[PDB]
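Q: one piece of my complex first, more on the way:
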Amino acid sequence: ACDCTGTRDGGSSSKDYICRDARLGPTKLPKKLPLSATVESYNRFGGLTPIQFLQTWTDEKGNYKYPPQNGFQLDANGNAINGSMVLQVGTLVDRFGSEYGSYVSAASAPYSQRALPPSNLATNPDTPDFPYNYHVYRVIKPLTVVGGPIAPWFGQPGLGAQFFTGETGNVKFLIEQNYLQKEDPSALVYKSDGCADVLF
């Protein structure tokens, strides 16, 4: 196939999205977000055609179906792999979504490892480096979270590290209570705190 069959044409207003269906993500990808590793290139459809991808990962209303037990990798017995762990100061976490949510992830994992639909890659044309709903935080006070591997989903390899913060509070609470600190991702790309190899 490899066609726009089965998608939803949003019209000229959705001209910046694949098949004009914002569910399938933008035509032009974020400029500085790592989408995958070199050994396994990113594919927004998980190697499937759009209709096969929609058939597999959407419901009758066309809304994405999301992994069970909060997206943690489930053990052999069907129970999520996780555990209460402390995030050390200086750890960098990120999130796709509003601060009223309670799930952060290890920032260094490529997008293919977060097992998130391609819609989240929609990017503000004014600040095109990272998606519009993308935020980066640095823990400034040790925060215990229930952390675990991300289950593969949406045709993505997954297996990144996610952290539920709801035992303490949502991301907004963590900022207000000095647990987390908002960072500028376009400014972090230029960061280099250490000895560069050129000094040797």
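A: Yep, that arrived. Residues are numbered from 1 along each chain as shown, chains lettered A, B, ... in the order given.

Q: what sits against residue A:153?
A: By CB atoms under 8 Å, 6 or more residues apart in numbering, the contact set of residue A:153 is A:57, A:66-67, A:71, A:115. Quick note: C-beta positions are derived from backbone N, CA and C, even for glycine.

Q: pull out the buried positions in stretch A:50-58.
A: A:50, A:53-54, A:57 (16 or more other CB atoms under 10 Å).

Q: I misspoke; the intended subject was stretch A:74-87.
A: A:74, A:80, A:82, A:87.

Q: before we move on, what about stretch A:145-164?
A: A:145-158, A:160-164.

Q: same thing with stretch A:3-20?
A: A:4, A:6-7, A:14, A:17-20.

Q: which of those lies closest to residue A:136?
A: Taking CB to CB as the measure, residue A:136 lies nearest residue A:17 of the buried residues of stretch A:3-20, at 24.3 Å.

Q: excluding its backbone neighbours, what's nearest the closest one?
A: Spatial nearest neighbour of residue A:17, excluding adjacent residues (CB to CB, 6 or more residues apart in numbering): residue A:26 at 5.6 Å.

Q: the one you found touches residue A:121, doesn't it?
A: Yes. When contacts are counted by CB atoms under 8 Å, residue A:26 is listed as touching residue A:121 (5.8 Å).

Q: out of these two, which sits in the busier spot?
A: residue A:121 (25 against 21; other CB atoms under 10 Å).

Q: I'd say that one and residue A:27 touch.
A: No. Counting by CB under 8 Å, residue A:121 stays clear of residue A:27, with 10.3 Å between them.

Q: which of the contacts of residue A:153 sit farthest apart?
A: Maximum distance among the contacts of residue A:153 (CB to CB): 13.3 Å, for A:57 and A:71.

Q: biggest helix in chain A, by residue count?
A: helix A:50-57 (DSSP state H).

Q: how far does the helix or strand that that helix is followed by sit from its chain's centre?
A: Once the chain leaves helix A:50-57, the next helix or strand it forms, by DSSP states H and E, is strand A:83-87. How far strand A:83-87 lies from its chain's middle: 20 Å, per CA atoms, centre = their mean, to the nearest Å.

Q: just how off-centre is whichever helix or strand comes after strand A:83-87 within its chain?
A: Under the assignment DSSP H and E, the closest C-terminal helix or strand after strand A:83-87 is strand A:92-96. In terms of CA atoms, centre = their mean, the gap separating the centre of strand A:92-96 from the centre of its chain is 8 Å.

Q: with stretch A:109-117 instead?
A: 5 Å.

Q: quick one: list the elements packing against the helix or strand where residue A:163 lies.
A: Taking DSSP H and E as the criterion, residue A:163 maps to strand A:161-164. Counting contacts by 3 or more CB pairs under 8 Å, 6 or more residues apart in numbering; DSSP states H and E, strand A:161-164 is packed against strand A:103-106, strand A:143-149.

Q: put chain B on too:
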Amino acid sequence: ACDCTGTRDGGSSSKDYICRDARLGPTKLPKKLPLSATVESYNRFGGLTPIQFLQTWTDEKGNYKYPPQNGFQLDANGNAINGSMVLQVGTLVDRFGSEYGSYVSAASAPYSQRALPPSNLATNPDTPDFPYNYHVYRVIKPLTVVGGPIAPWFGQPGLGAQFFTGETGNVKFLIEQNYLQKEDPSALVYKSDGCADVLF
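A: Okay, chain B now, added to the rest:
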């Protein structure tokens, strides 16, 4: 500081390594291995100077000190976060080291997430794309493993996903018994099984 003080000069034979000390990794890094994400550049010393890095992560003999409980992230109670999970067919795992070991990792995690010393980045000049001890496997038969997040170590963010295969066998056993399949990483960089965005 930012000097070669405290390192071990290997001489002209170690001319391709930082401070001529192969413990600190090669001067020229692998050409196709993702070392970090854009938001958190890789630093072989974890933001420290070589002597501080050696002081923190080596013992009296100069050998690297390695994380406890097989490098899994430890919970609040000091117990490793892991669990028995099945690796689905098509999953890509990698390893730094010989096939007689029993630890694979999610291949898509950048090197900063594996919490491994910079020595493993030494690269064969004949095949410079990936380190010399780097192997990539694709599971061809569902393999249950005890998988978990990687604990930060060696000044690296860690938090990648590692998988102990020893309940079934070492990587050599997995190949012999058709659980895993050896892959060519320089050949996987050119792989693209799916619909490219240019078709839309």
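
Q: ok chain B is in now, so what about the contacts of residue A:153?
A: A:57, A:66-67, A:71, A:115 (CB atoms under 8 Å, 6 or more residues apart in numbering or on different chains).

Q: for it, what are phi and psi?
A: With angles defined as degrees, to the nearest 10, residue A:153 sits at phi -170, psi 160.

Q: in contact with residue A:111, which residues?
A: Counted by CB under 8 Å, 6+ apart, residue A:111 has contacts A:33-36, A:42, A:121, A:156.

Q: which one of those residues sits closest to residue A:110?
A: residue A:34 (4.2 Å).

Q: how close does that closest one get to chain B?
A: 5 Å (CB to the nearest CB, to the nearest Å).

Q: nearest residue to that residue in space, ignoring adjacent ones along the chain?
A: residue A:110 (4.2 Å; CB to CB, 6 or more residues apart in numbering or on different chains).

Q: neighbours of that neighbour, how many?
A: 22 (other CB atoms under 10 Å in any protein chain shown).

Q: helix/strand/coil for residue A:194?
A: coil (DSSP: H, G, I helix; E, B strand; the rest coil).

Q: in terms of contact, does the residue nearest to residue A:34 touch residue A:37 like I think?
A: Yes. Applying CB under 8 Å as the test, residue A:110 and residue A:37 come out as touching, 5.9 Å apart.

Q: give me the common contacts of those two.
A: B:34, B:108-110.

Q: of those residues, closest to residue B:96?
A: residue B:109 (11.9 Å).

Q: my read is that closest one is in a helix, agree?
A: No. Using three-state DSSP, the assignment for residue B:109 is coil, not a helix.

Q: what's the spacing between it and residue A:113?
A: Noted for residue B:109: a distance of 7 Å to residue A:113, by CB to CB, to the nearest Å.

Q: same check, this time on residue A:44
A: From residue A:44 across to residue A:113, the span is 14 Å (CB to CB).

Q: then residue A:147?
A: 14 Å.

Q: between residue B:109 and residue A:113, who's got more neighbours?
A: Between residue B:109 and residue A:113, counting by other CB under 10 Å, residue A:113 is the more crowded of the two (33 against 28).

Q: can you tell me the closest non-neighbouring residue to the more buried one?
A: That would be residue A:160: by CB to CB, 6+ apart, it lies 3.5 Å from residue A:113.

Q: wait, what's in contact with that neighbour?
A: Per CB under 8 Å, 6+ apart, neighbours of residue A:160: A:105-106, A:109-110, A:113-115, A:149-150, B:106, B:109, B:161.

Q: mind running it again at 10 Å?
A: Applying CB atoms under 10 Å, 6 or more residues apart in numbering or on different chains, we find residue A:160 in contact with A:71, A:105-116, A:149-150, B:106, B:108-109, B:113, B:149, B:159-161.

Q: hmm, back to that, surely the residue nearest to residue A:34 is in contact with residue A:42?
A: Yes. With contact defined as CB atoms under 10 Å, residue A:110 reaches residue A:42; the gap is 7.5 Å.
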